[PDB]
2 protein chains.
Amino acid sequence: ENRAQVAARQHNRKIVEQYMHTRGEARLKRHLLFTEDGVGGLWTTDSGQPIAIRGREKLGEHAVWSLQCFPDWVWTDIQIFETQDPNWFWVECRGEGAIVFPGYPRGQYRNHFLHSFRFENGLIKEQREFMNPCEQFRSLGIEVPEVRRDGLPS
Amino acid sequence: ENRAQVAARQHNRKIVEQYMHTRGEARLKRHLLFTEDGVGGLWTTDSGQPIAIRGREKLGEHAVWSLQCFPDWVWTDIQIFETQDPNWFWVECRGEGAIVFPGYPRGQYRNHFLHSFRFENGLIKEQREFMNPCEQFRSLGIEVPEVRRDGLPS
Ligand SMILES: O=C(c1ccc(O)cc1)c1c(-c2ccc(O)cc2)sc2cc(O)ccc12
Ligand SMILES: O=C(c1ccc(O)cc1)c1c(-c2ccc(O)cc2)sc2cc(O)ccc12
């Protein structure tokens with residue numbers, strides 16, 4: 001049991017490292033790090049519902065879009081956390097790049113991120129990214145509402 | 001070395017458990033789970049800067065406020081992750097309760113959270129919570145902006 005868990009954790013860590021360092025044209029093949037039915041996407045959005053991309057085929061299609069709308073994206077300040085589950089990792093990092101969304105002015109987007117990676121048989125079964133959407137709003141020129149703080153201790 | 005790390009991780013996990021299960025009036029003593037100079041707070045806000053509460057005395061004062069403004073708050077769906085660092089844990093959970101913020105209508109707030117816990121000498125040195133502020137906006141009746149999706153693949 002321990003031997004199998006140690007082997008899984010060490011292999012899965014290398015896949016997380018590879019995913020987090022993938023940039024440029026290599027993004028077009030990042031979906032090969034997933035199971036055929038693997039899921040990826042953004043869990044923190046304006047609607048409160050995740051934008052989940054389901055299946056290795058749709059993940060590869062999404063990468064094409066990502067190359068147009070986040071053309072130079074880089075993950076920085078990467079810290080990878082193994083867990084007691086050899087098949088579950090967390091990553092704390094930052095990300096940065098141009099944001100080129102349809103019908104918005106071109107912007108520069110910087111944010112802090114957390115990623116969750118769950119594995120099955122050596123590949124990613126579920127990737128999820130979590131951020132503060134207010135920073136993406138700012139990068140797009142969208143007004144961010146402000147909670148009134150007058151009544152709060154400061 | 002291994003023995004010291006295992007002991008630290010086992011003790012620190014009990015403190016994370018205790019923190020996540022602290023409810024009601026016991027919140028008034030939750031700051032005793034921190035070092036004297038410990039820091040806690042909310043890393044995801046409308047401004048993009050953390051609201052960090054610095055020092056055990058200020059943490060204790062914030063709990064008084066928390067009891068009025070989140071009077072029945074509970075953390076649910078708690079999943080605690082140990083890491084390769086015996087002094088660093090992550091928690092995935094949900095939270096819910098009434099929200100009674102000054103100058104806003106009383107509401108109901110539900111959100112998904114990630115917590116980071118870093119330890120020093122058996123107590124919490126740094127706690128950070130991460131959420132999607134859009135859900136807190138909704139709970140307060142604040143309009144949430146919407147990214148236009150027409151040009152995005154759906
Ligand atoms: O930035 C993204 C994003 C990034 C990565 C990902 O895995 C999924 C979504 C957002 C959107 C989007 C939807 C469909 C697409 O085809 C492309 C983009 S809509 C939206 C709305 C937000 O409030 C914040 C982010 C995004
Ligand atoms: O809900 C919180 C909060 C909760 C826990 C915590 O540890 C720190 C802040 C928010 C605020 C706040 C500031 C000072 C206080 O004295 C009390 C509250 S301002 C604000 C603004 C937001 O966009 C979202 C949440 C909050």
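We use all heavy atoms of the structure for the numbers below, so side chains are in, but hydrogens, waters and symmetry mates are not. Lettering of chains follows the sequences in order, A, B, ..., and the numbering in each one begins at 1.
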Checklist entry - Do B:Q136 and B:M131 touch side chain to side chain, with heavy atoms closer than 4.5 Å? => result yes
Checklist entry - Can you find a heavy atom in the side chain of A:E17 that is under 4.5 Å from one in the side chain of A:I80? => result yes
Checklist entry - Are any of the side-chain heavy atoms of B:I78 and B:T76 separated by less than 4.5 Å? => result no
Item to check | Ion pair check, B:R128 and A:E92, cut-off under 4.0 Å | outcome: yes
Next on the checklist: Do A:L28 and A:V64 have side chains that approach each other closer than 4.5 Å (heavy atoms only, starting at C-beta)?
Outcome noted: yes
Next on the checklist: Are there over 12 heavy-atom neighbours, none belonging to B:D77, within less than 6.0 Å of that residue's CG?
Outcome noted: yes
Next on the checklist: Is the ring pair A:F113/A:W75 parallel, tilted or perpendicular, if the boundaries are 30 and 60 degrees?
Outcome noted: perpendicular
Checklist entry - Can you find a side-chain donor-acceptor pair between A:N111 and A:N132 that sits under 3.5 Å? => result no
Checklist entry - If two hydrophobic side chains count as joined below 4.5 Å and joins carry through other members, does A:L140 share a cluster with B:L152? => result yes
Next on the checklist: I'd like to know whether CD of B:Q68 has more than 12 heavy-atom contacts from other residues, nucleotides or ligands below 6.0 angstrom.
Outcome noted: no
Next on the checklist: In terms of relative ring orientation, are B:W88 and B:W90 parallel, tilted or perpendicular, with 30° and 60° separating the classes?
Outcome noted: parallel
Checklist entry - Is B:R27 paired with B:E25 through a side-chain N to carboxylate O contact shorter than 4.0 Å? => result no
Checklist entry - For B:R94, does the CZ atom sit with more than 12 other heavy atoms under 6.0 Å from it, leaving out its own atoms? => result no
Checklist entry - Does a side-chain heavy-atom distance below 4.5 Å link B:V39 with B:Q127? => result no
Checklist entry - Are any non-hydrogen side-chain atoms of A:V100 and A:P71 less than 4.5 angstrom apart? => result yes
Checklist entry - ring-ring contact (aromatic ring centres under 6.0 Å, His included) with B:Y19: which of B:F119, B:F117, B:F89? => result B:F117
Checklist entry - Ion pair present between A:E120 and A:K125, side-chain N to carboxylate O less than 4.0 angstrom? => result yes
Checklist entry - Got A:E82 and A:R13 here, is their nearest side-chain heavy-atom distance under 4.5 Å? => result yes
Item to check | Salt-bridge contact A:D46-B:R149 (side-chain N to carboxylate O under 4.0 Å) | outcome: yes
Next on the checklist: Counting C-beta onward and ignoring hydrogens, is there a side-chain heavy-atom pair between B:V147 and A:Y104 closer than 4.5 Å?
Outcome noted: yes
Next on the checklist: Using the rule given for side-chain hydrogen bond (donor to acceptor under 3.5 Å, both in side chains), can you reason through A:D37 versus A:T35, listing the C-alpha separation, both sets of side-chain angles and the distance that settles it, and then say yes or no?
Outcome noted: CA-CA 5 Å; A:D37 62 355; A:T35 63; 2.9 Å; yes
